[PDB]
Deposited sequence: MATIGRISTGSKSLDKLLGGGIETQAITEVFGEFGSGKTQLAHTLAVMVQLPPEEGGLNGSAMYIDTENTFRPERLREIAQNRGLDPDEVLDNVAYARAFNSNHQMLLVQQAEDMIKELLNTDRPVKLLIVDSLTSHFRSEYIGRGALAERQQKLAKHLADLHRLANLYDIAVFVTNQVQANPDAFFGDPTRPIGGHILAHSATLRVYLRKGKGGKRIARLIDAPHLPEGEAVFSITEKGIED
């Protein structure tokens, strides 16, 4: 199936990604709090809803929140500033708070039911966000020799998400707090950092196949833009 791409709202970041966030892939965005990873998740939850000439996939979004990061008023602001109806935009986002890592796994199985339901409609699910993927796994699988079991549980969770992305042609977008020696299984990893007082900077990590460079974007009333 053709890969679909969702615009991030920034021409700079879209160029770095090769057009935007891809379906049939897991894109992992990592950085410090406020680096723009949650702002990007919120922007994408709106952008995916737009028609393709506007950078979307005429789709709906599903958002798994592990750290109480979801702000429905922020989605409303992005939608209104982009010429969209905020209530209709919120109606196209399914939201769930994951209480722990095991509940986070169950939520992914429930996501598949909604995805299957809407697959052949005029507005299928096209984006699944997990913000953040690792927080519960890092707090639960902790201490002496916990690395092996945590990485096995994370590897399994990521395999389930890769399956939803590939089987249903959806973009899976996950965020992560930031160690350097651990393995990662995302299709694409993006490092975000706070820039020159106002900007945010993005770099691709371990992607020889994709272009060398860094993107610069801003957090605005429209979510993410140049």
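Missing C-alpha runs, given along the deposited sequence, first residue counted as 1 | No coordinates exist for the deposited residues in 1, 180-195, so these stretches are absent from the model.
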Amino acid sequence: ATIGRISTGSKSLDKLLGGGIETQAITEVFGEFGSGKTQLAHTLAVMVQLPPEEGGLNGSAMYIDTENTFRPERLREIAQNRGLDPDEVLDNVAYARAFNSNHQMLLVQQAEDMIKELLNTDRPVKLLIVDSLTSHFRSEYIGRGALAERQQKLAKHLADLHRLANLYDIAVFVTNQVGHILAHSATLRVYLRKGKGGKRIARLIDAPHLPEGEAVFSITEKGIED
From here on, numbers count along this sequence of modelled residues.
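On mean C-alpha B-factor from the PDB entry, just flag whether 78-86 or 118-126 is the higher one.
-> According to the PDB entry, the answer is 78-86.
What stretch has the higher average Cα B-factor here, 150-158 or 99-107?
-> So the stretch with the higher mean C-alpha B-factor is 150-158.
Could you say which of 166, 49, 39, 68 has its CA atom at the highest B factor, as listed in the PDB entry?
-> In this record, 68 carries the highest C-alpha B-factor of the candidates.
Highest Cα B-factor in the deposition, which of 170, 186, 29, 57?
-> Answer for 170, 186, 29, 57: 186, with the highest C-alpha B-factor.
With respect to C-alpha B-factor, does residue 201 fall in the lowest, middle or highest third of the chain as deposited?
-> For residue 201, whose C-alpha B-factor we compare with every modelled residue in the chain, the answer is the middle third.
Would you mind checking where the Cα B-factor of residue 135 ranks among the modelled residues of its chain, as the lowest, middle or highest third?
-> CA B-factor rank for residue 135: middle third.
Sorting the chain's CA B-factors, does residue 177 end up in the lowest, middle or highest third?
-> Tercile = highest for this residue's CA B-factor.
Lowest, middle or highest third - CA B-factor, residue 210 = CA B-factor rank for residue 210: highest third.
Lowest, middle or highest third of the chain for the C-alpha temperature factor of residue 1?
-> Tercile = highest for this residue's CA B-factor.
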